[PDB]
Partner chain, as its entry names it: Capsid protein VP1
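The data below hold one chain only, encoded as structure tokens and taken in the form deposited without its partner chain.
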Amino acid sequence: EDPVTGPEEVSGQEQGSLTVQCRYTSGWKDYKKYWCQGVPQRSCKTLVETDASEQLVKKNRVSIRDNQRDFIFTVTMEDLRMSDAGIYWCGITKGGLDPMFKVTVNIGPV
């Protein structure tokens, strides 16, 4: 299958939170995983990235935890703002073109 896959879209509410599950194939177990934002795709802004271990990492309001048993890294976006809406990417860091999957984030008020 595809190196990395996730939901096509995910929704959340202001001040609430949302979680994204980025599924990857076994071979990418020991690669750093990341959550990227914006376009162009290959110029996206990295919001958080792991160190290739299962240790949870957090930067600002985003968290990332890689489960190397089920091969899925979970991204959590908290204290959601309407401005958080947009295009994001599940990604796996490697020399060259990284495996990436586009995830559209929708945010609703109140």
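Positions refer to the first chain, counted from 1.
From this point on, the text means the form deposited with its partner chain bound, which you will not see here.
Residue in contact with its partner chain in the deposited complex (any heavy atom within 4.5 Å), chosen from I72, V57, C44, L47: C44. When contacts are judged by a 4.5 Å heavy atom cut-off, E8 does not count as touching its partner chain in the deposited complex. For the chain shown alone, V39 is a contact residue for its partner chain in the deposited complex, at least one non-hydrogen atom being within 4.5 angstroms.
Although the partner is absent from this view, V20 stays clear of its partner chain in the deposited complex, with no non-hydrogen atom inside 4.5 angstroms. In the deposited complex, its partner chain lies within 4.5 angstroms of at least one heavy atom of each of the following residues of 1-17: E1, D2, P3, in sequence order.
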